[PDB]
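**Q** need a structure here:
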Amino acid sequence: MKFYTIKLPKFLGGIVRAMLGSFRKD
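**A** Residues are numbered from 1 along each chain as shown. Now the structure:
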């Protein structure tokens, strides 16, 4: 939540947004 425990650069950050951007709740 606060930050990813993974030392990733923006893995989920750029990707997970894509997932949501594809979900489009409203």
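
**Q** Every contact and neighbour count from this point should use C-alpha atoms.
**A** Fine.

**Q** List the buried residues for the strand or helix carrying residue 21?
**A** Applying DSSP states H and E as the criterion places residue 21 in helix 11-23. Buried positions in helix 11-23, judged by neighbour count with 16 or more other CA atoms under 10 Å: none.

**Q** Distance from it to the middle of the chain?
**A** With CA atoms, centre = their mean, to the nearest Å as the basis, helix 11-23 stands 5 Å off its chain's centre.

**Q** list the contacts for residue 16?
**A** For residue 16, no residue meets the contact criterion (CA atoms under 8 Å, 6 or more residues apart in numbering).

**Q** please redo it, this time with the cut-off set to 10 Å
**A** 10, 22 (CA atoms under 10 Å, 6 or more residues apart in numbering).

**Q** can you give me phi and psi for residue 10?
**A** Residue 10 adopts backbone torsions of phi -170, psi 30, taken as degrees, to the nearest 10.

**Q** I'd like to know how far it sits from residue 19.
**A** With distances taken as CA to CA, to the nearest Å, residue 10 is found 14 Å from residue 19.
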